[PDB]
Amino acid sequence: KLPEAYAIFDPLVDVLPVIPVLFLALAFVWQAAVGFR
Amino acid sequence: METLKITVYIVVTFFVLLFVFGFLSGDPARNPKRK
Amino acid sequence: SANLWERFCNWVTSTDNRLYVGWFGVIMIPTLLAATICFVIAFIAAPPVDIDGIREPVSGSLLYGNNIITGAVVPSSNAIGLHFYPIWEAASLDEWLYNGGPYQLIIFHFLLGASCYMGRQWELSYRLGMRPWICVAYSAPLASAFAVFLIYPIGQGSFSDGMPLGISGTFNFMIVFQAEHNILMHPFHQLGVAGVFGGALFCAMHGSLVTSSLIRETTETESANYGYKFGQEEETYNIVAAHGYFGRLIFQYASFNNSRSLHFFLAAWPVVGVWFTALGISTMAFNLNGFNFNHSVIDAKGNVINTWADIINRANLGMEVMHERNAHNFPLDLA
Amino acid sequence: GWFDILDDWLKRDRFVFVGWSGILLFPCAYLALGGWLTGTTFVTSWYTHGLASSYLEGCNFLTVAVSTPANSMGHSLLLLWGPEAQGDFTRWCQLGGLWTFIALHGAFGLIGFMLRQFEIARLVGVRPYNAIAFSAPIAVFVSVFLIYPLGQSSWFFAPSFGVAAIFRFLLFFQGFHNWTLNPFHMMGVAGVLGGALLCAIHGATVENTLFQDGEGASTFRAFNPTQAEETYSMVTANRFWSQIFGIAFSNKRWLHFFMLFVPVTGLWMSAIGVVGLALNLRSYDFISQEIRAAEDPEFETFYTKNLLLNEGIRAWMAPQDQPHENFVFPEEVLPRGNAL
Amino acid sequence: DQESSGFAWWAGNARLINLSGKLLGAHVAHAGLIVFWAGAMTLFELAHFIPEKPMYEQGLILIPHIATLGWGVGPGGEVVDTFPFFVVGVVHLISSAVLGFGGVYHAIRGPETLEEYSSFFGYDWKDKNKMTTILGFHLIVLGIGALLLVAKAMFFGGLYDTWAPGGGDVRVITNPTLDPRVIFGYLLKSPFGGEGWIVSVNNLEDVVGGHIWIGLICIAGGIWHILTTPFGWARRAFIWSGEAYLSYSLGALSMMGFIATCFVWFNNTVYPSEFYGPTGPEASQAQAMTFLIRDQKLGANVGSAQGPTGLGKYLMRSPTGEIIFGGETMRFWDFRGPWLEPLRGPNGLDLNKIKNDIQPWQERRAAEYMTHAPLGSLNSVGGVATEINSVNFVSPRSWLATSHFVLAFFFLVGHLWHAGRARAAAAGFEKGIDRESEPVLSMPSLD
Amino acid sequence: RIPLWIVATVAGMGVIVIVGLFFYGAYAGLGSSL
Amino acid sequence: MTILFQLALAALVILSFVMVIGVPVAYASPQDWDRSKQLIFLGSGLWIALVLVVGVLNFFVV
Amino acid sequence: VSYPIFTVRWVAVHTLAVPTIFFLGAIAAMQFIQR
Amino acid sequence: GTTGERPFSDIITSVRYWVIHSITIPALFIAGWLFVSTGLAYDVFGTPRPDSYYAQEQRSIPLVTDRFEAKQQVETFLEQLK
Ligand code: CLA
Ligand code: CLA
Ligand code: CLA
Ligand SMILES: C=Cc1c(C)c2cc3nc(c4c5[nH]c(cc6nc(cc1[nH]2)C(C)=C6CC)c(C)c5C(=O)[C@@H]4C(=O)OC)[C@@H](CCC(=O)OC/C=C(\C)CCC[C@H](C)CCC[C@H](C)CCCC(C)C)[C@@H]3C
Ligand SMILES: CC1=C(/C=C/C(C)=C/C=C/C(C)=C/C=C/C=C(C)/C=C/C=C(C)/C=C/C2=C(C)CCCC2(C)C)C(C)(C)CCC1
Ligand SMILES: CC1=C(/C=C/C(C)=C/C=C/C(C)=C/C=C/C=C(C)/C=C/C=C(C)/C=C/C2=C(C)CCCC2(C)C)C(C)(C)CCC1
Ligand SMILES: CC1=C(/C=C/C(C)=C/C=C/C(C)=C/C=C/C=C(C)/C=C/C=C(C)/C=C/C2=C(C)CCCC2(C)C)C(C)(C)CCC1
Ligand SMILES: [Ca+2]
Ligand SMILES: [Fe+2]
């Protein structure tokens with residue numbers, strides 16, 4: 001039930017919920033680059 | 001059986017009181033040296 | 001004087017009382033004595049208790065046909081459910097006993113004291129100026145005792161379910177739990193086992209290694225133990241000779257060398273792991289059970305190929321079926 | 001004369017030590033972990049038992065295994081070149097050769113690894129309370145994967161090297177041996193379970209009794225890997241516990257030996273117990289209870305309750321779990337409660 | 001920051017205990033992940049949501065919330081219009097960009113201390129007052145929020161009402177329960193079987209009235225705090241530390257976390273069951289309903305029917321005498337639900353009604369629920385553990401209650417962790433015992 | 001030459017993929033229930 | 001109408017993506033924090049307009 | 001320093017590394033075997 | 001203590017390393033992928049292909065029933081499989 005027009009975003013809309021996890025994972029890439037000061 | 005209910009509450013209240021006050025009695029204070 | 005209360009609060013808080021009664025202890029002390037005393041009597045003498053809902057009374061006490069291994073304090077009745085059944089709510093002790101009143105009295109009290117016991121395990125540390133967290137390591141067992149005695153029942157709807165106070169009825173709780181939740185197949189239990197199994201494994205390691213590097217300070221005809229003196233100045237074994245070996249057993253960096261970093265890994269591994277099982281029982285309390293792979297690996301035509309997951313389930317059914325033989329009237333076990 | 005030239009080579013402080021013991025420890029160890037990983041993803045348990053035991057078949061990490069050989073095999077070693085396999089590697093895979101292969105190689109692998117603990121210890125000059133401690137696990141594996149089966153009909157009844165393939169071994173025991181009611185297993189538990197408590201109460205006591213030897217909060221650094229004073233205060237600890245549990249240590253040397261005895265001892269008792277179940281010399285029932293319940297139909301204890309669970313576990317499981325027996329239990333025979 | 005100067009890498013965020021500017025960005029950026037989620041997931045639900053297939057049968061947990069407020073549902077929770085969903089989902093998804101922009105900004109570009117950048121926003125932990133102020137605001141902010149609900153109910157569309165006289169359907173509450181008695185009653189009602197606690201609440205009048213009764217208390221407090229400072233005992237009672245402030249707020253959440261796990265597992269009202277699955281007890285009840293009906297509608301005389309133990313298959317009595325459903329279900333004789341009440345009398349389930357007043361809508365509703373009970377595996381395989389595959393489903397009621405007990409718990413652990421640390425960082429020894437002056441070493445031995 | 005924080009994350013996200021391809025295999029695969 | 005709308009909404013996507021990689025690198029890179037000051041102001045205003053545009057265009061479609 | 005290129009450790013690190021990837025590739029291939 | 005031989009941190013970071021392995025690793029990955037893909041694996045380990053457990057009927061499992069003549073038994077089992 002995603003209004004037709006937007007239905008060209010299904011694939012994207014399907015992935016959005018996971019993004020937040022990524023942040024915690026990116027925060028680890030950050031410290032890795034900064035050598036865990 | 002009712003008397004037993006009364007007793008118990010009286011008894012449970014006595015201790016619940018002691019507990020609440022005892023901490024209110026400035027517990028932080030009790031320790032080697034409160035920096 | 002100086003108003004006894006002021007004084008009372010100083011004794012209660014005495015940092016040098018054989019046993020540290022604290023503010024938490026002011027509850028732990030009577031609560032645990034009510035539980036412990038009622039348990040001890042219940043276990044020795046006590047009529048059969050109509051555990052399930054029916055009227056098929058089970059006897060757990062000694063004077064009624066049991067031995068230490070079979071005996072137990074039976075869970076309050078199913079007719080009671082989650083309802084609060086204290087002694088004053090009974091028409092007579094006999095009613096209270098036949099319906100399992102002793103159980104509720106004993107668990108509500110043990111859970112209350114065991115909690116304050118956790119709180120007490122902080123108060124003293126504070127009063128002694130030491131770091132806290134010991135009480136947080138003890139939150140694992142407590143959390144497990146909470147799951148099994150309070151959470152699991154709140155989920156299932158009755159204290160009749162929820163591990164019974166007795167050696168054999170503990171095995172009962174398990175053998176049935178399995179059939180109802182296929183727990184062995186739940187991540188949280190496997191982590192529980194890695195924790196409990198792991199914990200032991202490391203307890204042997206730590207205890208092993210250290211003992212293996214004690215500094216020679218005794219003859220051949222006298223305990224190695226005397227080589228240490230209570231409160232003695234410096235360390236009592238070579239933490240470097242220790243790592244010198246363990247490192248070489250596997251490989252240098254696959255080893256410890258920092259007592260602090262090593263000892264923490266000791267208190268974190270089993271605690272984190274045991275927490276989980278508590279979260280498993282607490283989770284499967286709301287019916288999110290273990291993995292289910294029954295009838296997977298189906299072949300080309302549609303024939304079911306059976307994997308070990310099925311021999312499992314096959315043995316689980318056998319449990320599901322025979323348990324509580326006279327308590328079911330309908331097809332599905334939704335309680 | 002060259003023995004030494006070799007000894008020298010072997011005992012060289014490399015990344016991964018080797019040793020004479022390694023001339024056994026690695027040939028096997030790898031060769032075993034290897035066979036498991038293989039069988040786990042490629043070989044099947046269809047001719048042996050009657051199930052998919054690998055990845056290639058559709059099984060997942062939990063449901064895979066290198067399942068024991070057919071019962072008709074017996075206690076046969078199943079040597080790739082023996083009467084059975086007749087040299088043919090693939091069939092060897094099908095009759096269950098990969099099991100005795102893993103079992104036996106892993107076996108010598110644990111012998112190897114202990115010799116190692118004994119070789120490295122002699123060199124580095126420390127007491128061997130780690131090869132002694134490791135006897136505990138030898139006992140478990142040597143009695144659960146070797147003695148047990150040798151006592152029964154074939155290898156078919158040994159654990160199978162699989163996650164679920166074990167949970168099955170667990171229930172089977174509860175169902176046919178009524179293990180949980182065995183005093184030896186009980187000790188087993190009391191030890192593994194309390195060995196965990198020691199390994200966690202000690203860890204916490206140390207960490208929350210540390211003196212300050214740093215400025216920051218992450219006190220991990222405050223510990224000089226180099227000698228000197230104890231890092232936490234045994235004196236303060238001994239005090240804590242003694243007032244909050246009545247008893248408390250006060251001899252690091254004894255504390256750490258206890259920590260070795262507890263978990264080790266319990267796995268030993270655990271073993272003796274199984275050595276018993278090999279001869280079905282189990283601790284199944286309490287006769288005093290049976291006689292009573294036979295005569296008086298109103299006597300019920302959590303004991304009897306559990307015994308019915310067993311009847312159920314055997315009745316419904318046996319059939320698919322022991323194929324070579326061609327069991328056929330008509331629906332009217334299957335013991336069942338009401339409704340369910 | 002650095003370790004050799006601050007804390008330790010895995011303790012990073014404590015390096016911000018004294019850098020409010022950044023500590024604001026931390027809080028803002030995060031408060032964006034929540035919205036982002038609320039938003040991103042609602043669309044994920046909707047994108048899959050199937051207009052006419054039970055919500056509970058579709059793993060939805062957000063849409064169900066929106067529906068209960070009376071948004072795109074109609075009679076029996078018929079999902080009349082999807083838009084409100086799309087609408088709600090996106091708004092959040094955008095407001096996340098806003099908040100997100102603030103966080104990234106305030107924790108990077110912006111000042112890393114509100115000290116001089118603005119003395120009104122700047123704050124002092126030990127400042128036993130600027131805290132009572134900030135608290136005050138927020139205490140008012142929550143109040144406005146509570147009152148928003150009352151609005152959606154008494155003024156904008158109403159809410160869902162399972163107990164709806166005609167039958168489940170949106171309904172505008174216009175008689176909020178005023179009066180402390182009834183309202184506050186729920187406050188001191190045993191949490192045990194039967195008399196539940198807050199989790200009772202079987203009607204929206206109270207849910208609404210209770211909320212009205214909140215702002216006019218919550219905001220009353222939001223003021224009292226912006227206008228005062230902790231009294232004497234208050235000060236000589238708590239530890240005034242940033243970390244300590246956390247702790248108290250940590251236990252708070254945790255405590256509610258349970259109150260929630262219990263709410264979504266037991267209450268039928270503020271969790272329709274038309275959108276969520278059926279209550280656990282509800283389903284165990286419906287299996288009896290289902291067979292008391294099937295067998296009656298087949299010759300049986302349920303009132304007299306006696307089962308294997310002598311209790312009567314279909315009907316038996318409760319400890320206080322009420323006539324309830326028989327079987328293990330004797331434990332759930334507390335369940336109250338729309339589909340069942342019409343069969344209830346003054347002494348409990350009435351026979352006459354049962355014998356000939358059971359409309360078909362119940363026979364099938366009862367069937368729906370017993371076949372949608374809160375049982376399933378991790379890999380979402382509906383039913384008992386011994387069940388075979390097909391019908392993958394796990395009640396929202398399970399997923400919810402399950403997740404929150406984990407969160408709820410760990411937070412209690414968290415509470416101890418910090419309350420215990422901040423309570424010793426104050427006396428000041430959270431880094432080790434002072435070699436030179438070991439308190440223990442100056443205490444009379446016990447032996 | 002090649003940074004750690006870049007050898008990691010690459011490999012990291014890498015295994016997250018293979019281990020994810022595995023998790024997909026649960027459904028559809030042979031170990032599926034269809 | 002949909003052409004307009006789709007491409008409009010599709011703009012709000014790429015622009016947002018760009019903002020995301022930018023603003024951070026922007027705030028983080030003092031190396032011309034005067035140039036991005038402008039750029040960012042573009043993204044921000046523009047983004048909001050885009051949103052408001054798509055909002056209304058939605059109605060002309062659904 | 002002048003570290004060697006082929007060491008005993010290299011023999012080890014490869015005996016587990018080579019088979020693994022071979023497997024991870026084989027196992028990743030099964031995910032598409034069906035019916 | 002004593003820290004000997006070529007270090008990993010370095011080696012992983014070495015451009016030469018990836019030069020060498022950005023050939024070898026995927027090589028192995030595709031090498032094994034074909035092991036399954038080709039169906040070779042099956043034949044190596046006598047593991048049944050989804051269409052080879054029971055011939056159209058025989059709802060009976062092909063269970064090896066005796067050592068010594070064990071193999072001949074398995075063979076005929078595959079035989080029957082038509
Ligand atoms: C309510 C919110 C909350 C807040 C604001 C804080 C805030 C703080 N905590 Mg506390 N904490 C909380 C809850 C909270 N905590 C809870 C519930 C627990 C119990 C588990 C803890 C346990 C805890 C510990 C043990 C420590 C802190 C510390 C700290 C301080 C430093 C932060 C840090 O080290 O980040 C760095 C964060 C990380 C290393 C990453 C998070 C890692 C977790 C384990 C992953 C969980 C992720 C996800 C759920 C699982 C992934 C999926 C899985 C299936 C694979 C900071 C003041 C530290 C301190 O110095 O104390 C003063 C410290 O040592 N906290
Ligand atoms: C998601 C929650 C979260 C949040 C909001 C914060 C926030 C913060 N952290 Mg913490 N942290 C977290 C999780 C979090 N952390 C975890 C899980 C860990 C354990 C690994 C740490 C470990 C940690 C350490 C070790 C340190 C901090 C520090 C800081 C502060 C300074 C930021 C900085 O130095 O950036 C550095 C800048 C960058 C390299 C840029 C990162 C990219 C940006 C921020 C993301 C852009 C987001 C998105 C993609 C774009 C949206 C754009 C759109 C709106 C247009 C800041 C208050 C520091 C501190 O305390 O300072 C004194 C510090 O030393 N944190
Ligand atoms: C957002 C939540 C909130 C918060 C965090 C605070 C916080 C605070 N309030 Mg405010 N307050 C609020 C809302 C809030 N209030 C509202 C809505 C009102 C109504 C207008 C008030 C009215 C108010 C007054 C009238 C006073 C305060 C005071 C205070 C301060 C100390 C008092 C105290 O905490 O005693 C803690 C409580 C005790 C020592 C008593 C324990 C014994 C009780 C009877 C048992 C509680 C048991 C509970 C029901 C069971 C669950 C327990 C659980 C552990 C299992 C403290 C800063 C005092 C102050 O200093 O003034 C500024 C004060 O006099 N507040
Ligand atoms: C729960 C399971 C459990 C496991 C998995 C386990 C594992 C291990 N313990 C070791 C050590 C120890 N364990 C000890 C006490 C204990 N260990 C316990 C329980 C376990 N210990 C318990 C309960 C105790 C008593 C407290 C001590 C005292 C030591 C050590 O000193 C030693 C160590 O170094 O500590 C870290 C390591 C020895 C390495 C080795 O032998 O290589 C050689 C052998 C190899 C590589 C071949 C594997 C052999 C087996 C027979 C084959 C299994 C087959 C497959 C490979 C795997 C099966 C698959 C499963 C799905 C079932 C190894 C990691
Ligand atoms: C048998 C045999 C043999 C040999 C062989 C071998 C030696 C092999 C090996 C093999 C190997 C050596 C293999 C391996 C494999 C592996 C794999 C397949 C792995 C995987 C993994 C994974 C999948 C992981 C994951 C994870 C985890 C666990 C946790 C953390 C996270 C992660 C996610 C990372 C011979 C010829 C003598 C003879 C006959 C028999
Ligand atoms: C400080 C810090 C941090 C953090 C961060 C954060 C917390 C962030 C956030 C962020 C955020 C929070 C963001 C957000 C964003 C958003 C966006 C960007 C959005 C967008 C949207 C849109 C675009 C919409 C629309 C639509 C529609 C309507 C439909 C169709 C589809 C779409 C989707 C298109 C870290 C850890 C890293 C590190 C350190 C520092
Ligand atoms: C697109 C889009 C959007 C937005 C977005 C966003 C807001 C994003 C974010 C994002 C993010 C935020 C991301 C992230 C990612 C991450 C990653 C991918 C990570 C990784 C990591 C790793 C792999 C690690 C590792 C490791 C290890 C294993 C070990 C230790 C060390 C280390 C840590 C290195 C929107 C809505 C508008 C719409 C359209 C589309
Ligand atoms: Ca889709
Ligand atoms: Fe130690």
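Looks like X-ray crystallography, 3.0 Å, at least that's what the header says.
Each residue, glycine too, has its Cβ placed from N, Cα and C.
Taken from Swiss-Prot, the feature topological domain 'Lumenal' applies to G:1-4 (among others).
Positions annotated as N-formylmethionine by Swiss-Prot, on the basis of experimental evidence: G:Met1. On its own chain, G:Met1 (N-formylmethionine) has G:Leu57, G:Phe60, G:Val61 as residues at least 6 apart in sequence with a Cβ closer than 8 Å to its own Cβ. DSSP gives G:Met1 (N-formylmethionine) a coil state; it is part of no helix or strand.
The transmembrane segment annotation in Swiss-Prot covers G:5-25 (among others) and rests on experimental evidence.
Swiss-Prot lists G:26-36 with the feature topological domain 'Cytoplasmic', giving experimental evidence as the kind of evidence.
Look at Swiss-Prot and you will find G:37-58 (among others) tagged as transmembrane segment, backed by experimental evidence. Tertiary neighbourhood of the transmembrane segment (G:37-58): same-chain residues 1, 4-5, 8-9, 11-12, 15-16, 18-19, 22-23, 26, selected by CB-CB distance under 8 Å and a gap of 6+ residues from either end.
The annotation topological domain 'Lumenal' is assigned in Swiss-Prot to G:59-62 (among others) on the grounds of experimental evidence. Sequence-distant contacts of the topological domain 'Lumenal' (G:59-62) (same chain, six or more residues past either end, CB-CB distance under 8 Å): 1-2, 5.
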**Report entry** Three-state composition of the topological domain 'Lumenal' (G:59-62), taking helix and strand from DSSP
**Finding:** 3 helix, 0 strand, 1 coil
Report task. Summarise the topological domain 'Cytoplasmic' (G:26-36) by DSSP state, stating how many residues are helix, strand and coil. Result -> 5 helix, 0 strand, 6 coil
Report summary line: For the topological domain 'Lumenal' (G:1-4), the distant same-chain contacts (Cβ-Cβ under 8 Å, at least six residues beyond its ends) come to 57, 60-61
